[PDB]
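Here you'll find one protein chain in two forms, each presented separately as structure tokens under the names structure 1 and structure 2.
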Structure 1
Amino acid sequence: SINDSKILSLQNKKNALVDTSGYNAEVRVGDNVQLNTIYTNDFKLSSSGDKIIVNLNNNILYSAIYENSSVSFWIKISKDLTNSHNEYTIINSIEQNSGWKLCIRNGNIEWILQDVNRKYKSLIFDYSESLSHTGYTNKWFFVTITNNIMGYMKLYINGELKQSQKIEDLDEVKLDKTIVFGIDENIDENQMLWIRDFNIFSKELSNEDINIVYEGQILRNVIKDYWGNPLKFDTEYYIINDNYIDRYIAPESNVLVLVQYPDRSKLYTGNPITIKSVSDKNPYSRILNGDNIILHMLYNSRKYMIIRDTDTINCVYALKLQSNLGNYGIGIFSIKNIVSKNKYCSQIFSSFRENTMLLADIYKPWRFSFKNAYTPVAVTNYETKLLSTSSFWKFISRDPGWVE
């Protein structure tokens, strides 16, 4: 019933982006704008002059805003766009003086509401955090703006209130007629962003309702890559542990260990792992909670299957490589999303012989050496470790919004 207040909803139907709210907005998508590349209702703004123009079919009696409203969408902003010190306008309903716009500047997003006299209020969120791993550069995040025209305008990120500004003190704000998505500033190659699930609601959404929209649109049962894209079979990933973000998985004497990145700033470091569907789901299909999966590592140009050791190092098993590919239980795993607003990560489990969960910590995993290593291991009796970040894994794909 939250959805009952939708008065614009941009969704992909029969390979076109249209308004499915019922209100019949005209949606004019630029010829070069790529739709539905990651998520069904997404669009990518990446080439010079990429635009989507939405012409509303709305109230003609009221010249000025007469009701509360909310705007929601997810956004993903490339590294190269984020690294710019320049300001870019991304969405804009201002034709003359009044209206709203979304801007990006130096790793911040800014929402502005402006009245007929160009008096404005601003809400800002630092999504980049100076390109920190903990930030959101090139990661999907959920934005929601709510407007109480006799009160406050609020900015939420992933359902969490970030900023609030009074707007009751503004003068006249005209009803929107046209909304333009697209950057007019000159852009370089690789400066791109994606938006998905753009909606406008005819009410001020409560925090509770915003969390409902968020939870619904995140797709709880679809495993996510590091950027928040759906995880896919048959796709290369650099798999990292949340406790050791600058270490890569590698075989040493056929025991997998975590090796420190020679350069922390180069994400694509290590031995790419491809995930295979045990049940023969279609090539490149999405990986879901409850899927049986197999992991293949590319090591010095050769493919191996990752398996659990048969023998222990409260059992603890190291992981190893096997050149013989096939469906062996000792190499079958399953992946489950962790519910988290600030991390796209999952746990990995094995039910071969005993129930185990993969985590990373310091062990002595070799049979003929007492040397320590940061070691991914499969551990039994893991109930007390279910909230441990040592059990959280992230999957870094080579993504067009992060170029090295």
Structure 2
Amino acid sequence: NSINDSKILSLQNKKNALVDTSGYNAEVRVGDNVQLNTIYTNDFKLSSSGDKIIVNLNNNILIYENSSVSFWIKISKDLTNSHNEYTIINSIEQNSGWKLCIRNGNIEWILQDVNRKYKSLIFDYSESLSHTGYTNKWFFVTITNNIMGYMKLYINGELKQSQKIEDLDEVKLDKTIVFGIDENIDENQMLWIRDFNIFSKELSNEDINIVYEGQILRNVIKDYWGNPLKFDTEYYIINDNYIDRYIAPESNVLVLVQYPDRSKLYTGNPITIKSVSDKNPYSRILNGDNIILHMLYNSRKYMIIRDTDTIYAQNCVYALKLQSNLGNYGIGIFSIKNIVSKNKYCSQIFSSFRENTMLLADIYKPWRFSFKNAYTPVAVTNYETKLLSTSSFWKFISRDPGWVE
């Protein structure tokens, strides 16, 4: 309400064109090579040869003023793992204005006056390409400014930095905003931005979380990178407690096998998700949807099913197995639900076959004619006290163009 009312620029894909739907009619010129609406309706990709977007504002409503800028961004590995500084959004016409820069795993917002003097807010999104970092992951950015002279930086609704801006003087805002990288770049160096908005007020933490919660699309399951999960797409599924292990069948019992090369992310047996009630090929998976899992193992497709008999040693614990006969079988139907978290894109997996179970990974003796131990994904009953266990969190890693190897 009050939030939407203060929007003076809102870049959205309407026809098959990126336009300003704030009502203020800014002119938006998109380069011919720029790809729009590839992951999210209102996203655009900056990868192509010097491709860019120019926004010429047609108003004069808007440093010592109240304003906010928000958008989501996803930066590829090759671009984050570079020592060069890249300007991606620029308002600086002459010497004053603002700009967003990328450099060595850090994202930086700069506000400078005519004398080349500047102040900034910085955030290390890529620890060191760490699993816990945001390299090639969608994350929400928000920058606010107030007449008090403070500019703040929020990431996924969390305040990261605050800065007093009295050191600077003459800072006039340009009527032009240019998206794009001017520096020469390589093939796999790319980034995506979605839902770029500018507000004529300083959004409060409450306001920001409302924007964040509304644009993350809570009912759409997410893959590891933050893209919406899709049917008929291959995924490497990993458990949050064993990020260095991939799912694999031993003696028709799925177990978590350690990666041969700990740096190679795409390791294992790809799993494709199928919809029980057929829809459209690669359509989005919503929470509560019934799904079936197919694993590609040695060039053959198998359906993952829950074992009917419990493993000896809550109450019941069942191992997962593979079945060559594909089709709709209750024992192979699962349900997925996103986990609420600002640090990860994970989900929990449930089965309501004969008893309500939730998938978890832990140490067990899954076999019948053996006492061998193994880290194994299991479907367990009475999981009420397990809802917060990280051992119940699963990540779906897809082959993403922003992470090549």
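Only the largest set of C-alpha atoms that superpose within 1.5 Å between the two forms is called the rigid core. Residue 1 is the first residue of structure 1, and the numbers go on in sequence order from there.
- Which of these moves by 2 angstroms or more at the C-alpha between structure 1 and structure 2, core superposed: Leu170, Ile212, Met305, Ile293? Of all the options, the C-alpha that shifts by at least 2 Å belongs to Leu170.
- Is there a C-alpha shift of 2 Å or more at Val116 between structure 1 and structure 2 once the rigid core is superposed? Yes, its C-alpha moves 2 Å or more.
| field | Per-residue Cα shift, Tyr363, between structure 1 and structure 2 [Å; core superposed] | value | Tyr363 C-alpha displacement between structure 1 and structure 2, core-aligned: 0.4 Å.
- request: Look at the Cα of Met150 between structure 1 and structure 2 with the rigid core superposed and state its shift in Å.
  value: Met150 C-alpha displacement between structure 1 and structure 2, core-aligned: 2.7 Å.
Practice prompt. On a rigid core superposition, how far has the CA of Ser47 moved between structure 1 and structure 2, in Å, if you could check?
Written response: Reported C-alpha shift between structure 1 and structure 2: 1.1 Å at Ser47.
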